[PDB]
file query-v9.cif (mmCIF, N, CA and C atoms)
data_target
#
loop_
_atom_site.label_atom_id
_atom_site.label_comp_id
_atom_site.auth_asym_id
_atom_site.auth_seq_id
_atom_site.Cartn_x
_atom_site.Cartn_y
_atom_site.Cartn_z
N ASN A 1 31.11 96.61 182.92
CA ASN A 1 31.59 97.97 183.03
C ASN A 1 32.94 97.95 183.72
N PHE A 2 33.90 98.67 183.14
CA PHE A 2 35.22 98.84 183.70
C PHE A 2 35.50 100.32 183.85
N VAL A 3 36.11 100.69 184.96
CA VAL A 3 36.68 102.02 185.15
C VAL A 3 38.16 101.82 185.44
N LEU A 4 38.99 102.48 184.66
CA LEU A 4 40.44 102.36 184.65
C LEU A 4 41.09 103.62 185.22
N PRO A 5 42.12 103.45 186.03
CA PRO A 5 42.66 104.58 186.79
C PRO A 5 43.22 105.65 185.88
N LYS A 6 43.35 106.85 186.45
CA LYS A 6 43.99 107.94 185.75
C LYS A 6 45.43 107.57 185.43
N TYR A 7 45.91 108.02 184.28
CA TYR A 7 47.23 107.60 183.82
C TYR A 7 48.31 108.06 184.79
N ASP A 8 49.25 107.16 185.07
CA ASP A 8 50.39 107.44 185.92
C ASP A 8 51.65 107.02 185.20
N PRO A 9 52.60 107.92 184.95
CA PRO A 9 53.87 107.48 184.35
C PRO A 9 54.62 106.48 185.20
N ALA A 10 54.49 106.55 186.53
CA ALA A 10 55.22 105.62 187.39
C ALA A 10 54.65 104.21 187.30
N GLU A 11 53.33 104.06 187.43
CA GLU A 11 52.72 102.73 187.44
C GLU A 11 52.52 102.20 186.03
N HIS A 12 52.10 103.06 185.11
CA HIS A 12 51.84 102.63 183.75
C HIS A 12 53.12 102.65 182.93
N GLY A 13 53.82 103.78 182.94
CA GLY A 13 55.13 103.84 182.32
C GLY A 13 55.22 104.68 181.06
N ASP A 14 55.81 104.09 180.03
CA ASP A 14 56.08 104.81 178.79
C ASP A 14 54.79 105.26 178.11
N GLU A 15 53.79 104.39 178.09
CA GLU A 15 52.67 104.52 177.16
C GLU A 15 51.36 104.69 177.89
N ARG A 16 50.53 105.61 177.40
CA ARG A 16 49.23 105.84 177.99
C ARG A 16 48.16 104.94 177.38
N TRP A 17 48.50 104.20 176.33
CA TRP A 17 47.56 103.25 175.76
C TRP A 17 47.64 101.92 176.48
N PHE A 18 46.54 101.18 176.44
CA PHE A 18 46.45 99.91 177.14
C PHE A 18 45.70 98.90 176.29
N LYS A 19 46.04 97.63 176.48
CA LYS A 19 45.44 96.53 175.74
C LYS A 19 44.71 95.61 176.70
N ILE A 20 43.40 95.54 176.58
CA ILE A 20 42.59 94.62 177.34
C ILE A 20 42.54 93.31 176.57
N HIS A 21 42.91 92.22 177.22
CA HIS A 21 42.98 90.91 176.58
C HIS A 21 42.01 89.96 177.24
N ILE A 22 41.60 88.96 176.48
CA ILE A 22 40.69 87.93 176.94
C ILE A 22 41.48 86.65 177.15
N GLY A 23 41.02 85.83 178.10
CA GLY A 23 41.76 84.65 178.51
C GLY A 23 41.07 83.32 178.26
N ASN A 24 40.44 82.79 179.30
CA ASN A 24 39.86 81.44 179.26
C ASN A 24 38.59 81.44 178.42
N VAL A 25 38.75 81.17 177.13
CA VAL A 25 37.63 81.05 176.20
C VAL A 25 37.94 79.94 175.21
N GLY A 26 36.89 79.32 174.68
CA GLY A 26 37.03 78.35 173.61
C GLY A 26 38.00 77.24 173.93
N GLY A 27 39.14 77.24 173.24
CA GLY A 27 40.18 76.27 173.49
C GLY A 27 41.50 76.95 173.75
N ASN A 28 41.48 78.28 173.76
CA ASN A 28 42.69 79.06 173.97
C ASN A 28 42.72 79.60 175.40
N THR A 29 43.67 79.11 176.19
CA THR A 29 43.84 79.57 177.55
C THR A 29 44.68 80.84 177.64
N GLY A 30 45.62 81.03 176.73
CA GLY A 30 46.47 82.21 176.77
C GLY A 30 45.71 83.46 176.39
N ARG A 31 46.44 84.57 176.38
CA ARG A 31 45.83 85.86 176.10
C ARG A 31 45.50 86.03 174.62
N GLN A 32 44.39 86.71 174.35
CA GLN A 32 44.05 87.18 173.01
C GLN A 32 43.68 88.65 173.13
N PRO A 33 44.30 89.54 172.37
CA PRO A 33 43.95 90.96 172.45
C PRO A 33 42.49 91.18 172.09
N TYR A 34 41.73 91.69 173.06
CA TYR A 34 40.30 91.86 172.93
C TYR A 34 39.87 93.30 172.71
N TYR A 35 40.71 94.25 173.08
CA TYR A 35 40.33 95.65 173.06
C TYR A 35 41.58 96.48 173.27
N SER A 36 41.54 97.71 172.76
CA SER A 36 42.58 98.69 173.03
C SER A 36 41.91 99.99 173.44
N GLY A 37 42.57 100.73 174.33
CA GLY A 37 42.06 102.00 174.77
C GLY A 37 43.20 102.96 175.06
N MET A 38 42.83 104.23 175.24
CA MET A 38 43.78 105.31 175.50
C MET A 38 43.44 105.87 176.88
N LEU A 39 44.42 105.91 177.77
CA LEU A 39 44.15 106.31 179.14
C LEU A 39 44.18 107.82 179.30
N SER A 40 43.30 108.31 180.17
CA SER A 40 43.15 109.73 180.43
C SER A 40 44.05 110.14 181.59
N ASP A 41 44.91 111.12 181.34
CA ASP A 41 45.81 111.66 182.35
C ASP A 41 45.16 112.75 183.18
N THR A 42 43.86 112.98 183.01
CA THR A 42 43.12 113.94 183.80
C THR A 42 41.99 113.32 184.60
N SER A 43 41.58 112.09 184.28
CA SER A 43 40.49 111.43 184.98
C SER A 43 40.52 109.95 184.62
N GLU A 44 39.69 109.18 185.29
CA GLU A 44 39.59 107.75 185.05
C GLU A 44 38.60 107.44 183.94
N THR A 45 38.88 106.37 183.21
CA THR A 45 38.23 106.09 181.94
C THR A 45 37.16 105.03 182.12
N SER A 46 36.00 105.26 181.53
CA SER A 46 34.82 104.43 181.72
C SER A 46 34.47 103.75 180.40
N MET A 47 34.23 102.44 180.45
CA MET A 47 33.87 101.74 179.22
C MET A 47 33.08 100.49 179.56
N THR A 48 32.27 100.06 178.60
CA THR A 48 31.45 98.87 178.74
C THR A 48 31.73 97.91 177.59
N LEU A 49 32.06 96.67 177.93
CA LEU A 49 32.44 95.66 176.94
C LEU A 49 31.49 94.48 176.99
N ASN B 1 29.36 127.27 181.66
CA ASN B 1 29.83 128.50 182.27
C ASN B 1 31.29 128.35 182.65
N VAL B 2 31.84 129.35 183.33
CA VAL B 2 33.11 129.18 184.02
C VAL B 2 32.97 128.10 185.09
N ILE B 3 31.78 127.98 185.67
CA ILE B 3 31.56 127.11 186.82
C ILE B 3 31.98 125.69 186.48
N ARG B 4 31.38 125.10 185.44
CA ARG B 4 31.70 123.71 185.15
C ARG B 4 33.18 123.58 184.81
N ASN B 5 33.60 124.18 183.69
CA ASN B 5 34.89 123.90 183.09
C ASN B 5 36.04 124.21 184.01
N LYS B 6 35.82 125.03 185.03
CA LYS B 6 36.85 125.36 186.00
C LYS B 6 36.71 124.55 187.28
N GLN B 7 35.58 124.68 187.96
CA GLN B 7 35.48 124.16 189.31
C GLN B 7 35.33 122.64 189.31
N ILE B 8 34.70 122.06 188.29
CA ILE B 8 34.56 120.61 188.34
C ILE B 8 35.87 119.95 187.94
N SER B 9 36.68 120.63 187.12
CA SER B 9 38.03 120.13 186.87
C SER B 9 38.89 120.28 188.12
N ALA B 10 38.65 121.34 188.90
CA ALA B 10 39.26 121.43 190.22
C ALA B 10 38.86 120.23 191.06
N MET B 11 37.60 119.82 190.96
CA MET B 11 37.16 118.62 191.65
C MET B 11 37.89 117.39 191.14
N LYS B 12 38.09 117.30 189.83
CA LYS B 12 38.68 116.09 189.26
C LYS B 12 40.15 115.98 189.62
N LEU B 13 40.90 117.07 189.52
CA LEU B 13 42.30 117.04 189.89
C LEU B 13 42.46 117.00 191.41
N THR B 14 43.41 116.20 191.86
CA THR B 14 43.57 115.90 193.27
C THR B 14 45.00 116.22 193.67
N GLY B 15 45.38 115.81 194.88
CA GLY B 15 46.71 116.09 195.41
C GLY B 15 47.19 115.03 196.37
N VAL B 16 47.84 115.48 197.45
CA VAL B 16 48.65 114.60 198.29
C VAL B 16 47.81 113.52 198.95
N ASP B 17 46.51 113.79 199.17
CA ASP B 17 45.69 112.85 199.93
C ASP B 17 45.69 111.47 199.32
N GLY B 18 45.93 111.38 198.02
CA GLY B 18 45.86 110.13 197.31
C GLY B 18 44.52 110.07 196.62
N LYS B 19 44.50 110.47 195.35
CA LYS B 19 43.29 110.56 194.54
C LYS B 19 42.12 111.13 195.33
N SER B 20 40.94 110.57 195.11
CA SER B 20 39.79 110.79 195.97
C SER B 20 39.38 112.25 196.08
N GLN B 21 39.50 112.80 197.29
CA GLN B 21 38.88 114.03 197.79
C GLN B 21 37.38 114.07 197.51
N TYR B 22 36.78 112.93 197.19
CA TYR B 22 35.36 112.89 196.88
C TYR B 22 34.54 112.95 198.15
N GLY B 23 33.32 113.46 198.02
CA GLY B 23 32.43 113.59 199.14
C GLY B 23 32.74 114.73 200.07
N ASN B 24 33.69 115.59 199.71
CA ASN B 24 34.12 116.66 200.60
C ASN B 24 33.35 117.94 200.30
N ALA B 25 33.30 118.81 201.30
CA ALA B 25 32.57 120.06 201.20
C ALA B 25 33.48 121.14 200.65
N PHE B 26 32.98 121.90 199.68
CA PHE B 26 33.79 122.91 199.02
C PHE B 26 33.13 124.28 199.11
N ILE B 27 33.97 125.29 199.31
CA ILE B 27 33.57 126.69 199.31
C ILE B 27 34.06 127.29 198.00
N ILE B 28 33.13 127.50 197.08
CA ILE B 28 33.44 127.90 195.71
C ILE B 28 32.92 129.31 195.48
N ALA B 29 33.11 129.80 194.27
CA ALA B 29 32.63 131.12 193.89
C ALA B 29 31.34 131.04 193.10
N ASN B 30 30.44 132.00 193.36
CA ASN B 30 29.20 132.06 192.60
C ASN B 30 29.47 132.37 191.14
N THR B 31 30.04 133.55 190.87
CA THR B 31 30.39 133.99 189.53
C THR B 31 31.77 134.63 189.58
N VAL B 32 32.53 134.46 188.50
CA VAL B 32 33.91 134.92 188.44
C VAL B 32 34.12 135.67 187.13
N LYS B 33 34.81 136.81 187.21
CA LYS B 33 34.99 137.71 186.08
C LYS B 33 36.44 138.17 186.03
N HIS B 34 36.89 138.57 184.84
CA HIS B 34 38.25 139.07 184.67
C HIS B 34 38.49 140.31 185.52
N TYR B 35 39.69 140.41 186.04
CA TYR B 35 39.96 141.62 186.79
C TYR B 35 41.11 142.41 186.19
N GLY B 36 42.17 141.73 185.78
CA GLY B 36 43.35 142.38 185.24
C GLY B 36 44.43 141.36 184.97
N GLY B 37 45.54 141.85 184.42
CA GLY B 37 46.64 140.98 184.06
C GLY B 37 47.05 141.20 182.62
N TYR B 38 48.20 140.65 182.22
CA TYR B 38 48.71 140.92 180.88
C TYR B 38 47.74 140.43 179.81
N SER B 39 47.57 139.12 179.69
CA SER B 39 46.60 138.58 178.76
C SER B 39 45.75 137.54 179.47
N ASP B 40 44.44 137.62 179.23
CA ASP B 40 43.45 136.83 179.97
C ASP B 40 43.49 135.39 179.45
N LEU B 41 44.45 134.63 179.99
CA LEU B 41 44.57 133.21 179.68
C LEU B 41 43.57 132.42 180.50
N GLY B 42 43.75 131.10 180.56
CA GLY B 42 42.87 130.28 181.38
C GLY B 42 42.69 130.84 182.78
N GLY B 43 43.76 131.33 183.39
CA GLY B 43 43.64 132.13 184.58
C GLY B 43 43.54 131.35 185.88
N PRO B 44 44.05 131.94 186.93
CA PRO B 44 44.01 131.30 188.24
C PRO B 44 42.64 131.38 188.90
N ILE B 45 42.01 130.25 189.22
CA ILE B 45 40.89 130.21 190.16
C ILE B 45 41.05 128.98 191.03
N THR B 46 40.90 129.14 192.34
CA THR B 46 41.02 128.00 193.24
C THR B 46 39.70 127.66 193.91
N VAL B 47 39.65 126.44 194.43
CA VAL B 47 38.57 125.96 195.28
C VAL B 47 39.21 125.29 196.50
N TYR B 48 38.47 125.28 197.61
CA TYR B 48 38.98 124.90 198.92
C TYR B 48 38.25 123.66 199.43
N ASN B 49 39.01 122.58 199.63
CA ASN B 49 38.51 121.47 200.43
C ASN B 49 38.63 121.84 201.90
#

call {"tool": "encode", "arguments": {"input": "query-v9.cif", "output": "structure tokens"}}
result
Amino acid sequence: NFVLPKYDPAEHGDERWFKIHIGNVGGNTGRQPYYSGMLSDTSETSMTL
Amino acid sequence: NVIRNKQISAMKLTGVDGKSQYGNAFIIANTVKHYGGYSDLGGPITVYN
């Protein structure tokens, strides 16, 4: 379970969308895009992966 | 009712304290009704931390 902060133009910036990536798996150490989400500018976002 | 869509969003939106304001005691209204004004838009209602 992840809860992601309410959207902030200062900390987040241009875009309210975010990309959750996966790292140390298999034989690939670098990032692989695992998920995308849209951040809420009125509350924090809850999701289970 | 008016109660949820207004007062709990009042709970969700925060201010200078830095997010949070959770766990605080609030003095809210039992029931709220139109009184006057040009056109009955979303309308001003406050709650007090």

call {"tool": "resolve_selection", "arguments": {"input": "query-v9.cif", "expression": "the PyMOL selection byres ((chain B) within 8 of (chain A))", "output": "mmCIF file with N, CA and C atoms, keeping the file's coordinate frame"}}
result
data_model
loop_
_atom_site.group_PDB
_atom_site.id
_atom_site.type_symbol
_atom_site.label_atom_id
_atom_site.label_comp_id
_atom_site.auth_asym_id
_atom_site.auth_seq_id
_atom_site.Cartn_x
_atom_site.Cartn_y
_atom_site.Cartn_z
ATOM 1 N N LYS B 12 38.090 117.300 189.830
ATOM 2 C CA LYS B 12 38.680 116.090 189.260
ATOM 3 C C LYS B 12 40.150 115.980 189.620
ATOM 4 N N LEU B 13 40.900 117.070 189.520
ATOM 5 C CA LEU B 13 42.300 117.040 189.890
ATOM 6 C C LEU B 13 42.460 117.000 191.410
ATOM 7 N N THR B 14 43.410 116.200 191.860
ATOM 8 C CA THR B 14 43.570 115.900 193.270
ATOM 9 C C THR B 14 45.000 116.220 193.670
#

call {"tool": "select_by_dssp", "arguments": {"input": "query-v9.cif", "residues": "chain B", "states": "helix (DSSP H, G or I)", "output": "list in words"}}
result
residues 2, 3, 4, 5, 6, 7, 8, 9, 10, 11 and 12 of chain B

call {"tool": "residues_around", "arguments": {"input": "query-v9.cif", "residues": "region 41-46 of chain B", "least_positions_apart": "6", "cutoff": "12 Å", "atoms": "only C-alpha atoms", "output": "PDB file with N, CA and C atoms, in the coordinates of the input"}}
result
ATOM      1  N   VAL B   2      31.840 129.350 183.330  1.00  0.00           N
ATOM      2  CA  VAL B   2      33.110 129.180 184.020  1.00  0.00           C
ATOM      3  C   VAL B   2      32.970 128.100 185.090  1.00  0.00           C
ATOM      4  N   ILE B   3      31.780 127.980 185.670  1.00  0.00           N
ATOM      5  CA  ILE B   3      31.560 127.110 186.820  1.00  0.00           C
ATOM      6  C   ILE B   3      31.980 125.690 186.480  1.00  0.00           C
ATOM      7  N   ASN B   5      33.600 124.180 183.690  1.00  0.00           N
ATOM      8  CA  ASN B   5      34.890 123.900 183.090  1.00  0.00           C
ATOM      9  C   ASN B   5      36.040 124.210 184.010  1.00  0.00           C
ATOM     10  N   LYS B   6      35.820 125.030 185.030  1.00  0.00           N
ATOM     11  CA  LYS B   6      36.850 125.360 186.000  1.00  0.00           C
ATOM     12  C   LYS B   6      36.710 124.550 187.280  1.00  0.00           C
ATOM     13  N   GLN B   7      35.580 124.680 187.960  1.00  0.00           N
ATOM     14  CA  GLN B   7      35.480 124.160 189.310  1.00  0.00           C
ATOM     15  C   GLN B   7      35.330 122.640 189.310  1.00  0.00           C
ATOM     16  N   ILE B   8      34.700 122.060 188.290  1.00  0.00           N
ATOM     17  CA  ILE B   8      34.560 120.610 188.340  1.00  0.00           C
ATOM     18  C   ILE B   8      35.870 119.950 187.940  1.00  0.00           C
ATOM     19  N   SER B   9      36.680 120.630 187.120  1.00  0.00           N
ATOM     20  CA  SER B   9      38.030 120.130 186.870  1.00  0.00           C
ATOM     21  C   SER B   9      38.890 120.280 188.120  1.00  0.00           C
ATOM     22  N   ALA B  10      38.650 121.340 188.900  1.00  0.00           N
ATOM     23  CA  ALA B  10      39.260 121.430 190.220  1.00  0.00           C
ATOM     24  C   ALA B  10      38.860 120.230 191.060  1.00  0.00           C
ATOM     25  N   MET B  11      37.600 119.820 190.960  1.00  0.00           N
ATOM     26  CA  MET B  11      37.160 118.620 191.650  1.00  0.00           C
ATOM     27  C   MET B  11      37.890 117.390 191.140  1.00  0.00           C
ATOM     28  N   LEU B  13      40.900 117.070 189.520  1.00  0.00           N
ATOM     29  CA  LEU B  13      42.300 117.040 189.890  1.00  0.00           C
ATOM     30  C   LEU B  13      42.460 117.000 191.410  1.00  0.00           C
ATOM     31  N   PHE B  26      32.980 121.900 199.680  1.00  0.00           N
ATOM     32  CA  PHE B  26      33.790 122.910 199.020  1.00  0.00           C
ATOM     33  C   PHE B  26      33.130 124.280 199.110  1.00  0.00           C
ATOM     34  N   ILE B  27      33.970 125.290 199.310  1.00  0.00           N
ATOM     35  CA  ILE B  27      33.570 126.690 199.310  1.00  0.00           C
ATOM     36  C   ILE B  27      34.060 127.290 198.000  1.00  0.00           C
ATOM     37  N   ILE B  28      33.130 127.500 197.080  1.00  0.00           N
ATOM     38  CA  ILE B  28      33.440 127.900 195.710  1.00  0.00           C
ATOM     39  C   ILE B  28      32.920 129.310 195.480  1.00  0.00           C
ATOM     40  N   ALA B  29      33.110 129.800 194.270  1.00  0.00           N
ATOM     41  CA  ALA B  29      32.630 131.120 193.890  1.00  0.00           C
ATOM     42  C   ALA B  29      31.340 131.040 193.100  1.00  0.00           C
ATOM     43  N   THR B  31      30.040 133.550 190.870  1.00  0.00           N
ATOM     44  CA  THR B  31      30.390 133.990 189.530  1.00  0.00           C
ATOM     45  C   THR B  31      31.770 134.630 189.580  1.00  0.00           C
ATOM     46  N   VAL B  32      32.530 134.460 188.500  1.00  0.00           N
ATOM     47  CA  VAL B  32      33.910 134.920 188.440  1.00  0.00           C
ATOM     48  C   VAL B  32      34.120 135.670 187.130  1.00  0.00           C
ATOM     49  N   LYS B  33      34.810 136.810 187.210  1.00  0.00           N
ATOM     50  CA  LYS B  33      34.990 137.710 186.080  1.00  0.00           C
ATOM     51  C   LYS B  33      36.440 138.170 186.030  1.00  0.00           C
ATOM     52  N   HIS B  34      36.890 138.570 184.840  1.00  0.00           N
ATOM     53  CA  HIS B  34      38.250 139.070 184.670  1.00  0.00           C
ATOM     54  C   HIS B  34      38.490 140.310 185.520  1.00  0.00           C
ATOM     55  N   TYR B  35      39.690 140.410 186.040  1.00  0.00           N
ATOM     56  CA  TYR B  35      39.960 141.620 186.790  1.00  0.00           C
ATOM     57  C   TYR B  35      41.110 142.410 186.190  1.00  0.00           C
TER      58      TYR B  35
END

call {"tool": "resolve_selection", "arguments": {"input": "query-v9.cif", "expression": "the PyMOL selection byres (((chain A and resi 19 and name CA) around 7) and name CA)", "output": "MDAnalysis selection string"}}
result
chainID A and resid 18 20:21 33 35:37

call {"tool": "write_last_selection", "arguments": {"input": "query-v9.cif", "atoms": "N, CA and C atoms", "output": "mmCIF file, in the frame of the given file"}}
result
data_model
loop_
_atom_site.group_PDB
_atom_site.id
_atom_site.type_symbol
_atom_site.label_atom_id
_atom_site.label_comp_id
_atom_site.auth_asym_id
_atom_site.auth_seq_id
_atom_site.Cartn_x
_atom_site.Cartn_y
_atom_site.Cartn_z
ATOM 1 N N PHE A 18 46.540 101.180 176.440
ATOM 2 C CA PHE A 18 46.450 99.910 177.140
ATOM 3 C C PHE A 18 45.700 98.900 176.290
ATOM 4 N N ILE A 20 43.400 95.540 176.580
ATOM 5 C CA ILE A 20 42.590 94.620 177.340
ATOM 6 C C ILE A 20 42.540 93.310 176.570
ATOM 7 N N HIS A 21 42.910 92.220 177.220
ATOM 8 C CA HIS A 21 42.980 90.910 176.580
ATOM 9 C C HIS A 21 42.010 89.960 177.240
ATOM 10 N N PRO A 33 44.300 89.540 172.370
ATOM 11 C CA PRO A 33 43.950 90.960 172.450
ATOM 12 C C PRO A 33 42.490 91.180 172.090
ATOM 13 N N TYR A 35 40.710 94.250 173.080
ATOM 14 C CA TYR A 35 40.330 95.650 173.060
ATOM 15 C C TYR A 35 41.580 96.480 173.270
ATOM 16 N N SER A 36 41.540 97.710 172.760
ATOM 17 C CA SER A 36 42.580 98.690 173.030
ATOM 18 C C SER A 36 41.910 99.990 173.440
ATOM 19 N N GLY A 37 42.570 100.730 174.330
ATOM 20 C CA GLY A 37 42.060 102.000 174.770
ATOM 21 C C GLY A 37 43.200 102.960 175.060
#

call {"tool": "residues_around", "arguments": {"input": "query-v9.cif", "residues": "residue 25 (chain B)", "least_positions_apart": "4", "cutoff": "8 Å", "atoms": "all atoms listed in the file", "output": "number ranges by chain"}}
result
B: 21, 48-49

call {"tool": "write_last_selection", "arguments": {"input": "query-v9.cif", "atoms": "N, CA and C atoms", "output": "PDB file, in the coordinates of the input"}}
result
ATOM      1  N   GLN B  21      39.500 112.800 197.290  1.00  0.00           N
ATOM      2  CA  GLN B  21      38.880 114.030 197.790  1.00  0.00           C
ATOM      3  C   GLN B  21      37.380 114.070 197.510  1.00  0.00           C
ATOM      4  N   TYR B  48      38.470 125.280 197.610  1.00  0.00           N
ATOM      5  CA  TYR B  48      38.980 124.900 198.920  1.00  0.00           C
ATOM      6  C   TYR B  48      38.250 123.660 199.430  1.00  0.00           C
ATOM      7  N   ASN B  49      39.010 122.580 199.630  1.00  0.00           N
ATOM      8  CA  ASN B  49      38.510 121.470 200.430  1.00  0.00           C
ATOM      9  C   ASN B  49      38.630 121.840 201.900  1.00  0.00           C
TER      10      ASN B  49
END

call {"tool": "atom_distance", "arguments": {"input": "query-v9.cif", "atom1": "atom N of residue 7 (chain A)", "atom2": "atom N of residue 45 (chain A)"}}
result
7.3 Å

call {"tool": "closest_residue", "arguments": {"input": "query-v9.cif", "among": "A:1, A:10, A:25, A:16", "to": "residue 39 (chain A)", "atoms": "only N, CA and C atoms"}}
result
A:16

call {"tool": "select_by_dssp", "arguments": {"input": "query-v9.cif", "residues": "region 6-49 of chain A", "states": "strand (DSSP E)", "output": "PyMOL selection string"}}
result
chain A and resi 17-22+32-38+45-47

call {"tool": "atom_distance", "arguments": {"input": "query-v9.cif", "atom1": "atom N of residue 4 (chain B)", "atom2": "atom N of residue 30 (chain B)"}}
result
10.5 Å

call {"tool": "atom_distance", "arguments": {"input": "query-v9.cif", "atom1": "atom N of residue 3 (chain A)", "atom2": "atom N of residue 30 (chain A)"}}
result
23.3 Å
